[PDB]
Amino acid sequence: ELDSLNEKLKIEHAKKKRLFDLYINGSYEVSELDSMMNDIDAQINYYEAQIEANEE
Amino acid sequence: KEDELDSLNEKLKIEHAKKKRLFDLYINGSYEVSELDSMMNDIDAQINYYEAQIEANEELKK
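Protein chains in written order, with the deposited numbering: chain B, 347 to 402; chain A, 344 to 405.
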């Protein structure tokens, strides 16, 4: 279902914002952040692709 | 508050540390400036508040 994909999407966004908060508070090192950001970015792309898929 | 508000100065140093951490992101770039700028404004806002709080108390000494 589309909307099921839609809220899984904004969860990834929430993860992105939360991750930003964590680093700023000195919880993570720069190098790790990039990788974890890419991992989230990748999953967002997957979710987005699903939305582009169901055009029917 | 009975010299316990020296913690306020400590609370300031935290935001300053945050500022430096955020600047690391700016330097590396590739994180949307709009996203970084929003955080930058939030920190700058916190600094100014705490800064104003400090001078008020230091004034209240005499």
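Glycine residues also receive a C-beta, built at the ideal position from the N, C-alpha and C atoms.
Residue i - DSSP class collapsed to helix/strand/coil
{"i": "B/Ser-381", "result": "helix"}
{"i": "A/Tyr-393", "result": "helix"}
{"i": "A/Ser-350", "result": "helix"}
{"i": "A/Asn-400", "result": "helix"}
Closest Cα partner of residue i within the set the options
{"i": "B/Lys-361", "options": "B/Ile-397, B/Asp-387, B/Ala-399, B/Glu-394", "result": "B/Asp-387"}
{"i": "A/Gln-389", "options": "A/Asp-346, A/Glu-353, A/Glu-358, A/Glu-345", "result": "A/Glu-358"}
{"i": "B/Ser-381", "options": "A/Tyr-374, A/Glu-402, A/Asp-385", "result": "A/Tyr-374"}
For residue j and residue i, believed in contact at Cβ under 8 Å, the rounded distance
{"i": "B/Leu-355", "j": "B/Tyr-393", "result": "5 Å"}
Legend entry - Contact residues within the region 352 to 367 of chain A, judged by C-beta distance below 8 Å to chain B: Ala-360, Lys-361, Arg-364, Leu-365, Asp-367
Legend entry - Touching by the beta-carbon criterion (3+ pairs, under 8 Å), the region 363 to 376 of chain B and the region 361 to 379 of chain A: yes
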